[PDB]
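Residues per chain, in single letters:
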Amino acid sequence: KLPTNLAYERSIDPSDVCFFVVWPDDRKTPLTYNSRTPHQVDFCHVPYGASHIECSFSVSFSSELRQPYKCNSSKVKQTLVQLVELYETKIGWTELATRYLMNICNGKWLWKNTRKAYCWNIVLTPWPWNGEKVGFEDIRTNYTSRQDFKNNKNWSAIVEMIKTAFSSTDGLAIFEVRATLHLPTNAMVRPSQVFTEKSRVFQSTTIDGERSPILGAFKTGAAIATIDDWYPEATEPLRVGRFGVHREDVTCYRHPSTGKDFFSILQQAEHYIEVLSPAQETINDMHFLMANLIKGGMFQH
Amino acid sequence: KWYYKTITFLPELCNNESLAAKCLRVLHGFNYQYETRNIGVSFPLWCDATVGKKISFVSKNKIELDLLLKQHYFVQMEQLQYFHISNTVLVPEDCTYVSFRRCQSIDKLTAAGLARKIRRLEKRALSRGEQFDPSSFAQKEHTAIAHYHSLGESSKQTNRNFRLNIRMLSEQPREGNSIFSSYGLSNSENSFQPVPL
Amino acid sequence: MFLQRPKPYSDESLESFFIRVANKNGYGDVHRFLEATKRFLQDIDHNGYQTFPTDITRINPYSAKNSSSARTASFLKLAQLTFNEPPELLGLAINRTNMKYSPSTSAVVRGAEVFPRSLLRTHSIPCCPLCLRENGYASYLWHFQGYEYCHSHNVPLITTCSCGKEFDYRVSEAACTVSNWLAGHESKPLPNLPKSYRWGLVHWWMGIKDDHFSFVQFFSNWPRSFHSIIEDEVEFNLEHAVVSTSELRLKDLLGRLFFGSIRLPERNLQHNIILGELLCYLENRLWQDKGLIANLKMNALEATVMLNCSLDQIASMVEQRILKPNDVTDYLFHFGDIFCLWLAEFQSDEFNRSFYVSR
Amino acid sequence: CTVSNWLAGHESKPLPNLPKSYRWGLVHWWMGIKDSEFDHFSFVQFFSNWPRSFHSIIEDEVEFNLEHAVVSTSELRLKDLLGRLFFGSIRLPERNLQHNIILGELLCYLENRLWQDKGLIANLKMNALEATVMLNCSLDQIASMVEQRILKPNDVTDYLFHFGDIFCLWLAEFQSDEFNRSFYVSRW
């Protein structure tokens, strides 16, 4: 098992985020910050007189989880091809597609910029699509649980077209996303920060000539992937990794002494063909196994 | 013929801002009961990073400096020996020579302070004509601020955590025959009065 | 803000407290207010909102490995600035503790009272209507409390009880004395010991037996039962000595009775009279023969359960020549000398000698 | 004559009545604070204005070492905010605070005064061995709290923990049937 060369490619493709300042006269400018001074400290705020703040990125749902990228062995080839093909039938792509979509819908990718906000609205723009712009208005007081989304006019088609994008070979689904944040006057905005191996240096880009912060493309890929609450006695959803690492406290769950990490389940691949040919925990760890093949990564020793 | 009251700031675990303010807040209660204008700033061990221990008190009428010194703070901090009284000595007339002045420019640089500013410029242009926008008001990218050793202070009347900003200027051998104010100054309405340290 | 009129009374397991504030003002289940609480925890001046739960269960503050210290801090401001007249909220929380028993069962504190083990049912429990609601269910033995013949498993149609499916766990004579004993009454045949010792000794009868009619036969002759069970088990395991014929070591002479009744859970001699009466029959007969009770082999590891040490005072006692050497893991010392220095230098006010016979 | 006739167990005067094993701890608490012999005249006077003049001396002493604090308003140990009030009323002889209500009202002040003045009480810095003194544990049990993450930090002697963190810790992990906090819910 694990024959020294195995790797997958990712299946979710988020981009950078861009901050624009809309004026009352329907004019949009890029949100620019200030620097203060080696030792350098940055400061960003909403300019006075502005209505609200806009954000736009894009994400794609492709099908690179059906076969690996390099495989080195035709016994780990047809085994992992059969697992993703049997999970499509007995379980279905419903429980994963709903969890990834809600973190796009409820503004989870706005990390700490929603605290002290009056109202924010999020508009999707799917493709391929015959119909209308999809809306999610006043999300704090209208959309809070899995059921408020299921009452929507356009939830049956956007849980769909991701389910086909994982099931059909050479599939594709692309979402444009836009959000408007009604923040109070002179409110602070929190973008991503440059690493600077040992403060608060912003990750910037050039939009229309002047510099503007981004809040990252690996930063917004972490927010969508927080769907993991199958580690034992789970209280909070974590980001999908091989050893269940939590960031705020520097512990990690999912440790190999427990027997619940990825490399002690991936070795057990032949065991799970038998049951799927059971709804207690043999399901609740394939949701962790499928969310690792959608993640990517080199799997080799 | 000035005096000086050298203090000693000993106990090795102590803040340099909260104790230089509270020894000045007990000076701030003064000049609201005995309204004088004569007591200065005079840090002997000012340095660049992490200002040191000693502060002093300088005046020419030079008997209120002991009247200020017994005002329910050294009579309240006496036994657990944080500080001690100096020897009340005439200042020798050849020494180093600095000046302490409130800058107050730094306070109107922070992003809340510039929104505090362009709010005021909105209303005082009530003589009409143009219809201006707040779009053409910005701080650009670059303000290089080295060091100013801020001193935080709570307001007397209300609950505001305001702050002071005073730096070093050492020249000009003749201004200010003891024309200080409530906090001790070299900027406002009188002179740029230097200090003999 | 301003949850109108917190009403309630005592004797509740905290789960209907959120249900009683759910049935007011018109609200579905508890997912809304339960999100609006954790939204208010996500609101101003708070740091631990991420682990406050989501479902019908798990409001319990021992259900997480490490959000126990976060759940009580969550429950701190969940009573003060959200209620007019902040009620008795804190103390209702069924927490966990550091205590154990002698058969190595996890102790669990409600407000002052200890259940035998944190295992009991946790699911598929009976329930009776026309209260709001109970404290004592989801446990082993708490059935009726005065009104009987109420099991109420819902094989017939939906919505028999009129609450609205919030708590409502239902899917599609010697028992009355012990039920009044565990709920709290006078109970004249029973010696009126508190509920930490009530549930503390139900498992002590469950541990030695491995049964309500078999329960009360040990309590109908309570000044005779413990004295009779100690005299017929002491004649057992006497011909099976290990050294030659006598001077029997540890674990073979009363290794089950003495290691099963100590600190269950609190070391009080006023109420837990088991500890005083086992000390009576073992030490009303101090020197019977040469090597019968006192002259035996004992270890210092099983001596700190009475001496209240943490293997740090032994390095200052045996070198000061109180306990004479006749070493951590050997059966070295004797029971008569260790117990007497306990009585001479390790007493207390409630864990002491002046509570058992003579009364 | 007053402090004589409620020592042998006589339950008749409005001086407070304890199981009189605990009463000698109340006698020993009076000598530790005053740093003198066991006074009798002010001992009657202090319990005649009970519990009204108790919380005033608590308030006047936490005002004392905070007005005359040496370091700052933050980054402080619990010394010089509770210096002699906390370390001098722990074990007399046991923390069963229904009996010794000098800890039942001290830990009442520690409950109702946590999160005011921007967390002025919740940023008192503690070391590891104060949990062994207060919460009745050992140094090896603190290391079990760190490895399984129940206590969250931010060596024995170094000052690393926090006050609102540790007050809600012992209501969840370190609460025994004798050492409860519910014993004074009808006193405040």
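You'll find the structure just up there.
Reading guide: rules and limits
- Numbering of residues starts from 1 on every chain and follows the order in which that chain's sequence is written, so it may differ from the entry's own numbering; residues lacking coordinates are left out.
- Here chains are named by letter from A upward and ligands by number from 1 upward, in the order in which they appear as written.
- Only some chains of a larger assembly appear here, and every value describes just that portion.
- To get the side-chain values, all heavy atoms of the structure are used, and hydrogens and water are removed first.
- Numbering of helices and strands runs from the N terminus, with a helix taken as a DSSP run of H or I at least four residues long and a strand as a DSSP run of E at least two residues long.
- Within these notes, the globule rule equals 2.2 Å times the number of residues to the 0.38 power, and the radius of gyration is based on C-alpha atoms.
- With a 1.4 Å probe rolled over the protein chains alone, any residue whose accessible area is under 20% of its type maximum counts as buried; one over 50% counts as exposed, and the rest are partly exposed.
- Method for areas: the Shrake-Rupley scheme with a 1.4 Å probe, in which residue coverage is limited to the protein chains shown.
- Residues counted as positive are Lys and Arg, residues counted as negative are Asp and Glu, and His and the chain ends are not counted.
- In this description, the location of a charge corresponds to atom NZ of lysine, CZ of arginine, CG of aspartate or CD of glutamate.
- Axes here mean lines fitted to C-alpha atoms, for a helix over just the part in contact, with angles spanning 0 to 180 degrees between N-to-C directions.
- An angle counts as roughly parallel when it lies under 35 degrees, as roughly antiparallel when it exceeds 145, as roughly perpendicular when it falls between 65 and 115, and as oblique in every other case.
- Every residue pair with non-hydrogen atoms within 4.5 Å of one another is taken to be in contact.
- Residues are grouped as follows: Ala, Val, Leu, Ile, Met, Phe, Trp, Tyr, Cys and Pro are nonpolar; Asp, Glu, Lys and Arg are charged; every other residue, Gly included, is polar.
- Pairs of N or O atoms are called polar contacts if they sit within 3.5 Å, as long as, within protein, a hydrogen donor faces a hydrogen acceptor (for residues adjacent in sequence, only side-chain-to-side-chain pairs).
- A pair of strands is labelled paired if DSSP reports no fewer than 2 bridges between them.
- Each crossing gets its hand from how the near helix is turned against the far one by less than a right angle, where anticlockwise is left-handed and clockwise is right-handed.
- By this rule, a helix spans an expected 1.5 Å times one less than how many residues it contains.
- Two aromatic rings, drawn from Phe, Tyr or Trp (for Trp, its six-membered ring), form a pair once their centres lie within 6.5 Å of each other, and the interplanar angle then sorts them: stacked below 30 degrees, edge-to-face above 60, tilted otherwise.
- Our definition puts a charge over a ring when NZ of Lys or CZ of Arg is within 6 Å of the ring centre and also within 35 degrees of the ring normal.
- Patch membership requires over 30% relative accessible area and the absence of a salt bridge. Like charges are linked within 9 Å, and nonpolar side chains (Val, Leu, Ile, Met, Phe, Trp, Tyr) within 5 Å.
- We define a salt bridge as a side-chain nitrogen of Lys or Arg found within 4 Å of a carboxyl oxygen belonging to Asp or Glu.

To continue, consider the overall build of chain A. If you tally the helices and strands in chain A, you get nine helices and 14 strands. The C-alpha radius of gyration computed for chain A amounts to 21 Å, which stays within 12% of the reference 19 Å derived for 301 residues, consistent with globular compactness. Along the three orthogonal principal directions, the C-alpha set of chain A runs to about 65 × 50 × 35 Å. By the burial criterion, 49% of the 301 residues in chain A qualify as buried. Entry remark: accessible area of chain A is about 15,500 Å², with carbon and sulfur atoms responsible for 50%. In chain A, the 33 positive side-chain charges and the 32 negative ones have mean positions that sit 4 Å from each other.

Residues and elements named next belong to chain C. In the contact formed by helix α4 (residues 175–183) and helix α5 (residues 195–208), the axes pass within 9 Å of each other and the chain directions differ by 135 degrees. By the angle between their axes, α4 is oblique relative to α5. Residues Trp 181, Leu 182 and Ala 183 of α4 pack against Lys 195, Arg 198, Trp 199 and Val 202 of α5. The class makeup of the residues in the contact of α4 with α5 is five nonpolar, no polar and two charged.

Residue and element names in this part refer to chain A. Relative to the helices and strands, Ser 62 is located in the loop between β6 (52–60) and α1 (76–90). In this structure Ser 62 comes out as buried when scored by relative accessible area, which is 11%. The residues touching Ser 62, leaving out its near neighbours within four places in the chain, are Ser 11, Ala 165, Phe 166 and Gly 171. A polar contact of 2.8 Å, which involves the side chain of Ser 62, links it to the side chain of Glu 64.

For the rest of this paragraph, the subject is the sheet that holds strand β3 (residues 28–30) of chain A. All names here are of chain A. Taken in spatial order, the six strands make up an open sheet running β3-β2-β6-β9-β7-β8, and their pairing is antiparallel. Each edge of the open sheet is held by one strand with a lone partner, namely β3 and β8 (134–136). Strand-to-strand twist across the sheet, computed as the mean angle between neighbouring axes with direction ignored, equals 25 degrees. Relative to β3, strand β2 (residues 18–22) is paired through three bridges, and the arrangement is antiparallel. Residue pairing for β3: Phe 20 is matched across the bridge by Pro 30. Against the sheet, helix α2 (residues 94–105) contacts β6, β7 (119–127), β8 and β9 (174–182), and its axis sits at roughly 130 degrees relative to β7.

This paragraph deals with the pairing of β2 of chain A. All names here are of chain A. Buried residues dominate β2, accounting for five of its five residues. Neither face of β2 is left uncovered, since the one carrying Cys 18, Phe 20 and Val 22 and the one carrying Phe 19 and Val 21 both have all their residues buried. With five bridges joining them, β2 and β6 adopt antiparallel strand pairing. When the bridges of β6 are listed, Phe 20 appears paired with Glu 54. Connecting β2 to the antiparallel partner β3 that follows it, the hairpin turn spans five residues, and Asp 26 within it adopts a positive phi of roughly 60 degrees.

All names here are of chain C. As a packed pair, helix α7 (residues 222–229) and helix α8 (residues 274–282) sit with axes 10 Å apart at the nearest point and diverge in direction by 50 degrees. Between α7 and α8, the interaxial angle falls into the category oblique. In this structure, α7 meets α8 at a crossing whose hand is right-handed. The segment α7 lies against α8, with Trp 222, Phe 226 and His 227 engaging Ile 274, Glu 277 and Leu 278.

Residue position: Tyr 147 of chain C is located in the loop between β2 (114–115) and α4. For the pair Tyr 147 of chain C and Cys 128 of chain C, spaced 19 residues apart in sequence, the C-alpha separation works out to 9.8 Å.

Turning our attention to helix α1 (residues 23–34) of chain D. Residues and elements named next belong to chain D. Spanning twelve residues, α1 covers 17 Å between terminal C-alpha atoms, matching the ideal 16 Å at 1.5 Å per step. Summarising the contacts, the buried residues of α1 are in contact with α2 (41–48), α3 (52–67) and α4 (101–104). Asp 35 lies just past α1 and shows a positive phi near 55 degrees.

Another point: the side chain of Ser 176 of chain D. Structurally, the position occupied by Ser 176 of chain D is in the segment after α8 (163–167). Setting aside residues no more than four positions away along its own chain, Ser 176 of chain D makes contact with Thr 97 and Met 99 of chain C.

As a further point, take the sheet that holds strand β4 (residues 142–143) of chain B. By definition, the strands of a sheet pair up through backbone hydrogen bonds, in either a parallel or an antiparallel sense. A sheet is described by the order of its strands in space; here three strands give the open sequence β5(A)-β4(A)-β4(B), paired in mixed fashion. The two strands at the open ends of the sheet, each matched to only one other strand, are β5 (41–43) of chain A together with β4 of chain B. When strand β4 (residues 34–36) of chain A meets β5 of chain A, the two strands line up antiparallel, connected through three bridges. Bridging across to β5 of chain A, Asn 34 of chain A finds its partner in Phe 43 of chain A.

For any pair of aromatic rings, the description consists of the separation of the ring centres together with the inter-plane angle of the planes. For the coordinates displayed, the defined rule picks out 55 aromatic pairs over all chains. Seen from their ring centres, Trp 181 of chain C and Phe 219 of chain C are 6.0 Å apart, and the 55 degrees between their planes marks the pair as tilted. The class for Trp 181 of chain C is buried, based on a relative accessible area of 4%. When its relative accessible area of 11% is taken as the criterion, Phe 219 of chain C is described as buried. Of the aromatic side chains, those joined through ring pairs into one cluster are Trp 6, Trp 29, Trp 30, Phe 38, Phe 43, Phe 46, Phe 47, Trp 50 and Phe 54 of chain D. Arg 254 of chain A extends its terminal NZ or CZ atom over the ring of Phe 288 of chain A, reaching a point 4.0 Å from the ring centre. One cation-aromatic arrangement involves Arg 267 of chain C over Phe 351 of chain C; the distance from NZ or CZ to the ring centre is 5.4 Å.

Moving on, we come to a nonpolar patch on the surface. There is a patch of nonpolar side chains on the surface, built from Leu 129, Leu 139 and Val 156 of chain D and spanning about 200 Å² of accessible area. Its place among the elements puts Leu 129 of chain D in helix α6 (residues 129–134).

Here we take up α8 of chain C. Residues and elements named next belong to chain C. Burial analysis of α8 places nine of its nine residues in the buried class, which makes it a mostly covered element. When we look at burial in α8, the residues that qualify are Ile 274, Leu 275, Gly 276, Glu 277, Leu 278, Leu 279, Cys 280, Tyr 281 and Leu 282. Residues of α8 that are buried sit in contact with α5, α7 and α11 (335–345).

Looking now at unusual backbone geometry. The omega angle of the peptide bond from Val 357 of chain C to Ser 358 of chain C is 5 degrees, so this bond is cis rather than trans. The topology assignment puts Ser 358 of chain C in the segment after α11. Between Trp 50 of chain D and the following residue, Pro 51 of chain D, the backbone shows a cis peptide bond with an omega angle of -5 degrees. With respect to the element layout, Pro 51 of chain D can be found in the loop between α2 and α3. Phi at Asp 138 of chain A takes a positive value of approximately 50 degrees, unusual for a residue other than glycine. In this fold, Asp 138 of chain A is placed in the loop between β8 and α3 (139–142).

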